[PDB]
């Protein structure tokens, strides 16, 4: 393979994964993300069903390479028992999710057929 630089990355997404057992925790973290960054981070719907490539219930957060250290550091400290799926967006969704998956906690098998 050939080495790429970080300019390849357009944006990052993080997806907070949860289920019925962890719904309250996921909602609390959502409220805290809103508060901590004062609603300046793009935030998707609180999906209580599997959507797209996501095998768990999820919600999406979007941010840049320039916010990556702050957001990922903070999520690493504060995610609790919730797994978080992170991936860069480079313009090739399948490649990004298949090959550039990062996980805070534990990894999950994605529904790649959705991409």
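Numbering follows the first chain given and starts at 1.
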Can you let me know which of the two, 1 to 9 or 106 to 114, has the higher average C-alpha B-factor in the entry?
1 to 9
Using only C-alpha atoms and the B-factors in the entry, which stretch averages higher, 11 to 19 or 88 to 96?
88 to 96
Among the candidates 38, 60, 28, 76, give the one with the maximum CA B-factor reported in the record.
38
Compare the C-alpha B factor of residue 34 with those of the other modelled residues in its chain, then answer lowest, middle or highest third.
middle
What third of the chain does residue 53 rank in for C-alpha temperature factor, lowest, middle or highest?
middle
